[PDB]
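Okay, so here's the structure we're looking at.
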RNA sequence: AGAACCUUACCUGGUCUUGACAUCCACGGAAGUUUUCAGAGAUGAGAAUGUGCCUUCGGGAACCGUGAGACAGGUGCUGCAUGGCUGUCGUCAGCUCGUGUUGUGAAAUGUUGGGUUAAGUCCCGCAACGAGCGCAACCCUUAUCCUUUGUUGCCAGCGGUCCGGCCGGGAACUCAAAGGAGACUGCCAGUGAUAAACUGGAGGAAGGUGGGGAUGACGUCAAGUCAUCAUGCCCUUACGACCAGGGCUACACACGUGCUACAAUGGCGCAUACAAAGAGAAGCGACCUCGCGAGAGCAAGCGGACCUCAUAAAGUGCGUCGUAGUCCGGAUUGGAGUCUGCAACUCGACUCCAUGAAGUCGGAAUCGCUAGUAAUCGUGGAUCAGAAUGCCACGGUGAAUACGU
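Chains as they are written, first to last, in the authors' numbering: chain I, 2 to 209; chain O, 4 to 130; chain S, 2 to 101; chain AC, 56 to 165; chain W, 2 to 84; chain M, 2 to 152; chain P, 5 to 103.
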């Protein structure tokens, strides 16, 4: 289990946190649990909507969710009909006043998580994994990624002996802390088993 | 008029003040002989003064916190040296030669997961 | 862990919540040196009568996601494994890898 | 005033429950507002009010460093006592005239 | 051992049974699982078949057994020898 | 080591006499990083020794050391089938150390009661040219002599 | 006097908050004491990173809780109330205490 | 990162079967609240209260009850079907690719060669020219300085004193964070191929990657984990669920890792000095009183630079013991008890009084460590009702040695 998590190593420097609140040792665990719940719910709901990052932020006994999604239109539905619906359920989950914001993700080919999800979907609907991977890589490159890597693993083409294959393009420096490396993962629950998809997308280096 | 130098060594932090006088040393409102029971400590605090003949010339008020005894002594010495540097500024070379201007940056190495200590690895066996 | 175990834990917790006032009182009575012997005895017997799951020393801290009894942390309410994952994802606020 | 956020709204050409001015009238009366912040350069106010009667500018739940210098600036005319309105205004600071068309793609913060 | 202030321990049900036996004046063995129960003066004379995990083993109580518990006279493990 | 020779670390002279050698000796004596006790012991040894032989504290010690320093030690090359012990001229820094170590060992061995006393006795023996350290030195020399053919 | 205890995980954020608070104070009232930095709590955690077994395999995390002590010497009419509407940025637990 | 119960997955009995855990209807009842006897308990039988959000009244959503099935459930098997996560060679300096060229081709070249470096590090050459992942740097920490801000932290100079920074105060110093500066072979000399570098010295707190951490290339071991989790045959009145008791703590024996010893560089007694880093609300618990003591009682201060844990110990001084199986050593066992806990029999920790094994430095062999390291001394934390000699942290004292390959 060689490698360090690329997001996790960079949280202090170039990457920010998702859950962004303060709490004392008393209420912290509970808060975490709540976050887990709400996030889980959101994932369940907005599966068909291309959702990248849920950012929870709770000040003053009131939860502020921020959903980063590629297509707001399907998450919002009719203007303030679906979002509103989501909100009350979120509140219920939390046990506090809820507030949902929806950030529009520019360039969903450069968002790593989204790409991973897409790949997983493709796998599920029985495409050639390799071709999917290629598409993922190519598209990102076209869009202006300084580099991208993707990796898929296990029961590829329903083969008895599992293996991993991966496509890199451009440069993807992981040891370099100041590199904006959007990393994320997904899992294709195929007929032969799970197929795990990792993808690293290098936006560029930050100078500060 | 009183001159000053900060002392630091291990986790000790001495506050040495130099004044002109007869040569009486006070460390936390106690004499040098009272505070440092150890001879070595005493020697180390007197070293810089010995090196530059100003033992009888100047009194020094000290307060030190943190660390043990030897470390504390070292810190005090450092402080004294600093004070001297501040005060004369022509004794620097001698001090350098001695090796007192140098802050001894040796801190205790942290314990590391896996190991029992900073470097002691646990007992190995092939079988 | 199993579902069943989790359920049991929940039940225990519920019991604890229920019977706290009484149990505590009983304990106090038992302790109180300035009290009758017979009364003390009664208290001791009374305690026995109450359900076992009512005790707080019965309930085990499990992970809030997986129910894993071991490797638990109190601040997060999660087992080590899950905690790490959370940290990696950015889901625990303030938590990052520490070096010194 | 730069961005106005009313709850239970779809677009600015709709209408709302319990009010007089329509939403374009509310946006015009908010465009006439006169605010004076001191410390920050971008603040978010809050206006919450229910009950029959006009909604002055003096009903905004002010923070410490914002000063609303027109306590008779009318915005809404709430007629139903079961009606409510909860808008969240955003006040930037600049110069000149920057309009909605140019600020339709200029805005970077998604 | 248990604190002196807390008193001796005996299971309530067991105690009740003992009392009943005393009242009767019968000497039929009382099968019991309370190995943790202390023996009492009134229990002297009674046979009380204590569980050892597997089976109930008869224990005729004596004057010497009083301070002790019932589980002391009902060994659980069954080791004969290694050869 | 393979890569790089390194400069020997700085050693402070002892507070009583102002000597590097003495300090080194004290360090050698020391156990469990209890320097102070060891130094006290050393001092005690010196004082008794001084009383015994006259002279000074330091001078006497030096003299004692001199009688246990080895001119030549041996090392195992073993190039052949069987091992050949080869003599080598032991350098100034090392020789001094070795003698001290031997003395310490002797002291440790010795059947007298207090450590300091034992040390003093050892020193005296060294001065006179009898005892354990001296014997060891002789043995070392003897071995070298035996294997003088190798050079 | 109003003592104010700012607590947060992000240091920059905390700093920002503190400045804001000072600003709020200084316009209305007079003689703000100052933003005094107290010691940071570095609550560390070790965990085994393997799913099953490998004990020397470990990750050592920490949460750096920063403290900022801001004090206000003269509470006026205008000043104290100003904080009511003036909420601070999220992820910064404030704790005002008069006297 | 903590088995008395619980945990628990195992055994023995006692029990349940759409079920402990969910969703779905049907229709019986508001949920729930209190209490009673039998039972080891699980469970199996009683007495009191309530009818809230809405009805062209065939009724509803929360929460119990019963029956049907659809299903639940499985710490059951396969890590040789998998994902994820982990170890490992190894923080070893390597592993590749594109285009070109060489070869019928597998392939080669680059990546070799002269030097150099911790480094496929850098230069020079050269059928290679370029690129990527890694060897470096960016990140944390530690060593010096400066600016800012000074309470709960500090006391240099001032006045007062209960001689306590405690109180006027002061913002110096320590310290506390936040932001900057600083180290780059940059400067000097020599060696070197007109080089990359190396050797020394100057300054400097720091010198050649300053010390330490994080960071683990392509891959290897069908390495580990289906019992964290997820996931592609088997059980479903039982390989599921509830309960009480027992077991996981057994004991001819063998091995691993530790602690404590065998003593005088020490043991014991009395006095006495100098830390760091942490934790704390079902929590840490001063002072005072009682107890030989573990503790008990009373009970402030404190979500904490404030109060509490909390006396650091080794050390230092004075006394004693005088090489003994001892005033070394503490196992073992008896008595009596303290606390936690429904509950300390199996099987907790700690205390007191007694008891006082083996052991006098350990065979063959075998491990760690290059500096604030080893060695030794205490201190804290996590899990945790209670239960560490383990683990993870912190400072104290503080060595030896490196000729060389």
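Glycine is no exception: its CB is placed at the ideal position from the N, C-alpha and C atoms.
Quiz item: Touching or not, the stretch 58 to 70 of chain O and the stretch 199 to 208 of chain I, by the rule of three or more beta carbon pairs under 8 Å?
Solution: With fewer than three CB-CB distances shorter than 8 Å, the stretch 58 to 70 of chain O does not count as touching the stretch 199 to 208 of chain I.
Self-check item: Nonlocal neighbours in the same chain, by C-beta distance under 8 Å from residue 149/M, ignoring five residues either side
Solution: If we look at residue 149/M and ignore the five residues flanking it on each side, its Cβ neighbours are 88.
Neighbouring residues, chain O, relative to residue 50/P (Cβ below 9 Å)
Contact note: residue 50/P reaches chain O through 116, using a C-beta cutoff of 9 Å and chain order.
### Where the beta strand (DSSP E) containing residue 185/I begins and where it ends
Residue 185/I -> beta strand (DSSP E) spans 180 to 190.
| request: Please determine if the stretch 147 to 162 of chain I and the stretch 79 to 91 of chain I are in contact, where contact requires at least 3 C-beta pairs separated by less than 8 Å. | output: Verdict: no, contact absent.
Does the beta carbon of residue 31/P sit closer than 7 Å to a beta carbon anywhere in chain O? By this cut-off, residue 31/P is not an interface position.
**Message:** Quick check: what's the CA-CA separation for residue 134/I versus residue 167/I?
**Reply:** Roughly 8 Å between the two C-alpha positions.
Since residue 7/S and residue 68/S are thought to touch, with beta carbons under 8 Å apart, how far apart are those beta carbons, to the nearest angstrom? Rounded, the Cβ-Cβ distance is 5 Å, consistent with contact.
Do the CB positions of residue 14/S and residue 60/S come within less than 7 Å of each other?
Their beta carbons are under 7 Å apart, which means residue 14/S touches residue 60/S by this criterion.
- Query: Per DSSP, what kind of secondary structure is residue 15/P in: helix, strand or coil?
  - Reply: Note: residue 15/P maps to helix in three-state DSSP.
On the three-state DSSP scale, how would you describe residue 165/I?
-> Collapsing the DSSP output to three states places residue 165/I in a strand.
Query raised in the report: Would you call residue 101/S buried or exposed, if buried means 16 or more other Cβ atoms sit within 10 Å of its Cβ?
Result: Exposed: under 16 other Cβ atoms inside 10 Å.
Taking all protein chains shown into account, do 16 or more other C-beta atoms lie within 10 angstroms of the C-beta of residue 44/W, making it buried, or fewer, making it exposed? Burial call: buried.
Legend entry - Every unbroken alpha helix (DSSP H) within the stretch 107 to 183 of chain I, with a cutoff of 4 residues, ordered by chain: As far as the stretch 107 to 183 of chain I is concerned, its whole alpha helix (DSSP H) runs of at least 4 residues are 113 to 125 and 130 to 144.
task: Spell out a yes or no on whether the stretch 4 to 11 of chain O and the stretch 30 to 44 of chain O are touching, meaning 3 or more CB-CB pairs, one atom from each, closer than 8 Å.
output: Output reads no: the stretch 30 to 44 of chain O does not touch the stretch 4 to 11 of chain O.
- prompt: Taking buried to mean at least 16 other C-beta atoms within 10 Å of its own C-beta, is residue 115/M buried or exposed?
  reply: By the 10 Å Cβ count, residue 115/M comes out exposed.
### Message
So, for residue 40/S: in the same chain, excluding its five sequence neighbours on each side, which residues have a beta-carbon less than 8 Å away from its beta-carbon?
### Response
Answer for residue 40/S: 30, listed in chain order.
*Per DSSP, residue 102/I forms a beta bridge with which residues?*
Residue pairing by DSSP places residue 102/I opposite 67/I in a beta bridge.
Q.
I'd like to know whether the C-beta of residue 22/S is nearer than 7 Å to at least one C-beta of chain P.
A. For residue 22/S, not one C-beta of chain P is nearer than 7 Å to its own C-beta.
CA-CA distance, residue 100/O and residue 209/I?
Their backbone Cα atoms lie some 41 Å apart in a straight line.
Q) When the Cα of residue 124/I is compared with those of 191/I, 58/I, 37/I and 48/I, which residue comes out closest? A) Per the Cα distances, 191/I.
### Task
Out of 47/I, 142/I, 120/I and 119/I, state which residue places its alpha-carbon closest to the alpha-carbon of residue 75/I.
If we check each option's Cα against that of residue 75/I, 47/I comes out closest.
Point to revise | Burial state of residue 34/S, where buried means 16 or more other Cβ atoms lie within 10 Å | key: With fewer than 16 Cβ atoms within 10 Å of its Cβ, residue 34/S is classed as exposed.
Query raised in the report: Taking one C-beta from the stretch 134 to 142 of chain AC and one from the stretch 91 to 106 of chain AC each time, how about it: are there three or more such pairs within less than 8 Å?
Result: Contact holds: three or more Cβ-Cβ distances are below 8 Å.
- Would you mind listing the beta strand (DSSP E) stretches within the stretch 31 to 68 of chain I that are 3+ residues and don't spill past its ends, in chain order? Residue ranges of uninterrupted beta strand (DSSP E) with 3 or more members, entirely inside the stretch 31 to 68 of chain I and ordered along the chain, are 52 to 58.
_C-alpha distance - residue 125/O paired with residue 114/O, whole-angstrom precision_ = Roughly 13 Å separates the two Cα atoms.
Which chain P residues are close to residue 134/AC, counting only those with a beta carbon under 8 Å from its beta carbon?
Within chain P, no residue has its CB atom less than 8 Å from the CB of residue 134/AC, the nearest being about 28 Å off.
Inset, instruction - Mind listing the chain P neighbours of residue 116/AC? Cutoff is C-beta to C-beta under 8 Å, in chain order. - result: 89, listed in chain order.
**OP:** Compute the beta-carbon to beta-carbon distance between residue 240/I and residue 73/I, rounded to the nearest angstrom, for a pair I have assumed lies under 8 Å.
**Re:** Here chain I comprises residues numbered 2 to 209, so residue 240/I is not present and cannot be evaluated.
Is there a Cβ of chain P sitting closer than 7 Å to that of residue 94/S, yes or no?
Chain P, which has a Cβ nearer than 7 Å to the Cβ of residue 94/S, makes this yes.
Legend entry - Short CB-CB distance (under 7 Å) between residue 20/P and chain S: Closer than 7 Å: no.
Margin query: For a contact defined as C-beta to C-beta under 9 Å, what are the partners of residue 8/W on chain S?
Written below: Neighbours of residue 8/W on chain S, chain order: 38, 41, 42 and 45.
Checklist line | Of the listed residues 6/P, 44/P, 47/P and 43/P, nearest to residue 26/P (C-alpha basis) | finding: Here the closest residue by C-alpha is 6/P.
Review point. Where does residue 63/P land, buried or exposed, given buried means 16+ other C-beta within 10 angstroms?
Key: Taking a 10 Å sphere around the C-beta of residue 63/P, we find 16 or more other C-beta atoms and assign the residue as buried.
Helix, strand or coil for residue 24/O? Go by DSSP, reduced to three states.
Coil, per DSSP.
ask   = Going by alpha carbons, who is nearest to residue 51/W out of 32/W, 39/W, 68/W and 42/W?
value = Ranked by how close their Cα comes to the Cα of residue 51/W, the residues 32/W, 39/W, 68/W and 42/W have 32/W in first place.
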